[PDB]
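Novice: first chunk of the complex, coordinates as they sit in the assembly:
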Amino acid sequence: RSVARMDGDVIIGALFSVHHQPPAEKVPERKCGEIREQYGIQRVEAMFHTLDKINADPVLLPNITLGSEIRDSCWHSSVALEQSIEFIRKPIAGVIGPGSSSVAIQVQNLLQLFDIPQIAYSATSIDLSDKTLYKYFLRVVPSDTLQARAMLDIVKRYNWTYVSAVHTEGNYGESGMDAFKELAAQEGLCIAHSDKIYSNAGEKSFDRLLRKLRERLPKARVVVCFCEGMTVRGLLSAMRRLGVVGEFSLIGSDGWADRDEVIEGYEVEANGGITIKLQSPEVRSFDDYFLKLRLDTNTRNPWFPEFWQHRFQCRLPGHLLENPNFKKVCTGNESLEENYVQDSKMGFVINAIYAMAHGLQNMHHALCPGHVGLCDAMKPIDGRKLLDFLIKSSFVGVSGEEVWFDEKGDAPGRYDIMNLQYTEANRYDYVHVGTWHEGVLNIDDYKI
């Protein structure tokens, strides 16, 4: 399988989802789904961008260059464990990833056997907060303990006390929802029908979903979906299938947030929905970089040739990788500004990329103090040591954000409430309609 490499004195491996998950029947041979941009190409071009800049910064790791081994995760343990095994066949320092929470349980379950620290940026699951099993796991994002705390608080808000709960099957959906289920049970929140599904269900299973969800009404009008991105798409997909809409008010975890890949197209039904989104400041910096990219100037990232063929439904033939599921050629001069939208979670990954570096720094100051570069004490890099020296590191984010980790592993997290609707210009836009910091819920009644 193809890897995006970059040499360096230090090597930090990472796992980004560059293709969608593998189709059902192909999971044994592990042929991954199609290419992505937001969870995929941007996160690879972002892992690079921030690493060229880190290294060129005279302050952090003055005479120590950083390298990485970026591999594809496909949002699935097998492809993940596959690539994770490739790290142990220079030896990696730390791993950034993988995509899903559940996946990480798999990713580190193995890493901790070689004492390799791991920093997540999208795993909001709670199970990870436990370090006895996943000792070497840490993240720059906050736990669902908070996110589940507020989703329930967004409910009390409008006097709703009858609401179903659908959750994406896995370790992400179990942990978050079980909480949303304990919390409610304290507040004496009665819940209607409850059910879960696999993000890659048969279009036939989805319909069953809406059936059971519609077979119980009109009491249960509002829904809690602590659910994966497409998992919601699929529910909408069924919505359209049954040609009915405006029936429920959904409430999606950051699985939705303000993504378009979810409602791109199916806008007709995903309205009035309420979403959660960790308040990651837009990375104004990244965009200046992304756009300027070319088909032939970017060689380090092996996926571009394929990624490009898709962003324009054209094709560059002749070179090995080609997508013949199309007709027109490429102008050769396509511009990325067309409908471009920076990954929502984009911020975190960059920072987490920093966190991994700071550790190296705080350690260097500790084990090879007064030395120009790396030293005998630092070759090789002792894992357990790079750990401690991590939890204990803290700095200003890539864009004005305090970033640090508590003893357990988790970090500081806060999110805003998003709403999707029809603005003035003919367009379904995601609208900011309230925020949530430490139990305190702030929405904008007038903006809704």
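Specialist: Everything's here; your move. Numbers count the residues shown, from 1 in each chain, chains lettered A, B, ... in the order given.
Novice: list the contacts for residue A:135?
Specialist: By C-beta atoms under 8 Å, 6 or more residues apart in numbering, residue A:135 lies in contact with A:112, A:387. Where C-beta positions appear, they are placed from N, C-alpha and C, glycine not excepted.
Novice: So what sits opposite residue A:315 in the bridge?
Specialist: Here residue A:315 sits in beta bridges with residue A:329, going by DSSP bridges.
Novice: Thought residue A:323 was touching it, still the case?
Specialist: Yes: checked against C-beta atoms under 8 Å, the pair residue A:315 and residue A:323 is within contact range at 5.7 Å.
Novice: Quick check: neighbours shared by those two?
Specialist: Counting by C-beta under 8 Å, 6+ apart, the residues touching both residue A:315 and residue A:323 are residue A:309.
Novice: Show residues contacting stretch A:368-382.
Specialist: By C-beta under 8 Å, 6+ apart, stretch A:368-382 touches A:9-10, A:62-64, A:91, A:93, A:115, A:363-364, A:367.
Novice: Ok, stretch A:29-44 next?
Specialist: Contacts to stretch A:29-44, defined as C-beta under 8 Å, 6+ apart, come from residues A:4, A:16-23, A:70, A:72, A:74, A:76, A:78-79, A:82, A:99, A:259, A:261, A:286, A:290, A:301, A:303-304, A:306-307, A:310-311, A:341-344, A:346, A:349.
Novice: how about 7 Å then?
Specialist: Stretch A:29-44 is contacted from outside by A:4, A:16-23, A:70, A:72, A:74, A:78-79, A:82, A:99, A:261, A:290, A:301, A:303, A:306-307, A:310-311, A:343, A:346, A:349, using C-beta atoms under 7 Å, 6 or more residues apart in numbering.
Novice: And the buried ones among the residues you listed, selectable in PyMOL?
Specialist: Restricted to buried positions by 16 or more other C-beta atoms under 10 Å, the PyMOL selection for those reads:
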select buried, chain A and resi 4+16+17+18+19+20+21+22+70+72+74+78+79+82+99+290+301+303+306+307+310+311+343+346+349
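Novice: burial count for residue A:439?
Specialist: For residue A:439, the count of nearby residues is 9 (other C-beta atoms under 10 Å).
Novice: Can you tell me the closest non-neighbouring residue to it?
Specialist: Of all residues not flanking residue A:439 in the chain, residue A:149 sits nearest, at 6.7 Å (C-beta to C-beta, 6 or more residues apart in numbering).
Novice: Quick check: closest non-adjacent residue to residue A:27.
Specialist: Closest residue in space to residue A:27, ignoring its immediate chain neighbours: residue A:78 at 6.4 Å, by C-beta to C-beta, 6+ apart.
Novice: put chain B onto that model:
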Amino acid sequence: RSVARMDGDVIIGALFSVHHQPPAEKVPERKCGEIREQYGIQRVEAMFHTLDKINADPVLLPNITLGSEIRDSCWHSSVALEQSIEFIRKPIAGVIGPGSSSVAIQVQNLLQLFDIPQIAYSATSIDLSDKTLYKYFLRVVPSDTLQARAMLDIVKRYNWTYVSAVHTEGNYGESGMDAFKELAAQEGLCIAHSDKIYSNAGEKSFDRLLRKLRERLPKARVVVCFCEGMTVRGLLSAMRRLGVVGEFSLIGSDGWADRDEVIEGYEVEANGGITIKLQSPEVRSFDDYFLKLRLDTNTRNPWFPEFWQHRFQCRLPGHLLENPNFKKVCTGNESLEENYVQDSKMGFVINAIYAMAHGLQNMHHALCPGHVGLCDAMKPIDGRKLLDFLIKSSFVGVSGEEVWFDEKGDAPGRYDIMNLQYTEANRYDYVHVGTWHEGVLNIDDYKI
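Specialist: This next block brings in chain B, placed alongside the chains you saw above:
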């Protein structure tokens, strides 16, 4: 980490639980608790013994010899996940183990990456039968869907329409039940109340079960149980705790079994119940072998020194494997005859072993025709092939039973239907009252 090795032509690696798992805090360091003879030593000495009787048999594996690489599993996914890595680095043909499904997936998740065929004898969850996920997993034991499929049949046999389903929270119950559930919607069995109880739950919630179950009467005197025995005792506890006896009828899976350490004290409230006892018959030969064991001469199995002292609470002075606890040194001539009880799963263990040999054997008939030992096509062993050679393999057991595997990877099932009644003596016995033999039930319409 200590291993029990044996040299031969083909090495079949295995994972037995020889030590209890390490407590949570001690886990990141892998300090597995105490040595286990029940699910531990009796098997290691059984993995050794069996392989002996096979190299003793001139009918099967005539000139090819089986050797073993037996590693400790600690009934945990990490000490097992660890030892499994010691496998991928003569190489191992097939893995026997481990004992728990929670563990099976973790391991099998890895093994399937390098094409190692794995045969389990203890894992029951339906999760594994989904052979996309684990193409290389197979077992000589039935799946729960099968064990439940019979409980669904002890019910269809009496035209009981409404029923309740309680299952111990976690793997054994949640896995088996989720099947008792499908089968019932498919055959028209309305479920009245389904609820989960962690074995170690309080009387508070252990009681709430009763209040909820009874609430759903008398249109449902049948409470189903895919529970763990303790979840069952606890239910009885509340029974006598509230004053009720003989209200409803329970059907307990092999979790309860015809065990006697489940009804002590609470006998009166449990009479009338129908349980599922997985027929594991006994292996005289093992016992003839185990007993005649001596500390001085069993060197292949490195744990015996550790094992011996524990079993007899004595010490080998000045020896590595030493004990500070008790001080009565060992005579060297003590019989295990004291309270000895043959592992209740020993059979399965063994039938797995054999299976792993038949495959090699039957494969070498095909890939190595007319050749005496191993012929080049088998040097080295191609696992992806050994798989098709195993799956389509079949023999008689060590009890007379017949073994084989369906396409998926699952085997048959044989079940004894036990009923608890008041004997002709001042005691209550688990009376044998019928059997479920590979798709077929046999009830006694006047023996209940």
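Novice: The contacts of stretch A:29-44 again please, chain B included this time.
Specialist: A:4, A:16-23, A:70, A:72, A:74, A:78-79, A:82, A:99, A:261, A:290, A:301, A:303, A:306-307, A:310-311, A:343, A:346, A:349 (C-beta atoms under 7 Å, 6 or more residues apart in numbering or on different chains).
Novice: for that stretch, which positions count as buried?
Specialist: Within stretch A:29-44, the residues scored as buried using 16 or more other C-beta atoms under 10 Å in any protein chain shown are A:32-33, A:35-44.
Novice: Please list which of the contacts of stretch A:29-44 are also close to chain B.
Specialist: Among the contacts of stretch A:29-44, the residues lying close to chain B (C-beta under 7 Å from any C-beta of the partner chain) are residue A:82.
Novice: Just the contacts of stretch A:29-44: which are in helices?
Specialist: Among the contacts of stretch A:29-44, the members found in helices (DSSP state H) are A:78-79, A:82, A:290, A:306-307, A:310-311, A:346, A:349.
Novice: Can you give me the distance of the residue lying farthest from the centre of chain A to residue A:377?
Specialist: Within chain A, the residue lying farthest from the chain centre (C-alpha atoms, centre = their mean) is residue A:370, at 38.4 Å. The gap separating residue A:370 from residue A:377 is 12 Å, by C-beta to C-beta, to the nearest Å.
Novice: Which residues are in contact with residue A:286?
Specialist: Contacts of residue A:286 (C-beta under 7 Å, 6+ apart): A:46, A:49, A:342, A:346.
Novice: Can you tell me the closest non-neighbouring residue to the second one?
Specialist: Looking back up the chat, that one is residue A:49. Spatially, and ignoring its direct neighbours in sequence, residue A:49 is nearest to residue A:289 (5.1 Å; C-beta to C-beta, 6 or more residues apart in numbering or on different chains).
Novice: I'd say the one you found and residue A:50 touch.
Specialist: No: using C-beta atoms under 7 Å as the test, residue A:289 is too far from residue A:50 to be in contact (9.4 Å).
Novice: Around the residue nearest to residue A:49, count how many other residues there are.
Specialist: 16 (other C-beta atoms under 10 Å in any protein chain shown).
Novice: Kindly report the same for residue A:203.
Specialist: The number of residues packed near residue A:203 is 10, by other C-beta under 10 Å.
Novice: could you pull out the strands for the stretch 151-300 of chain A?
Specialist: A:163-168, A:194-197, A:222-226, A:249-252, A:274-278 (DSSP state E, counting those that start in this stretch).
Novice: how about the helices of the stretch 251-400 of chain A, start to end?
Specialist: Ranges of helices in the stretch 251-400 of chain A, per DSSP state H, counting those that start in this stretch, are A:284-291, A:304-311, A:346-367, A:383-391.
Novice: quick check: angle from the first one to helix A:346-367?
Specialist: If I follow you right, that is helix A:284-291. Counting by axes from the mean of the first three to the mean of the last three C-alpha atoms, to 10 degrees, helix A:284-291 lies at 110 degrees to helix A:346-367.
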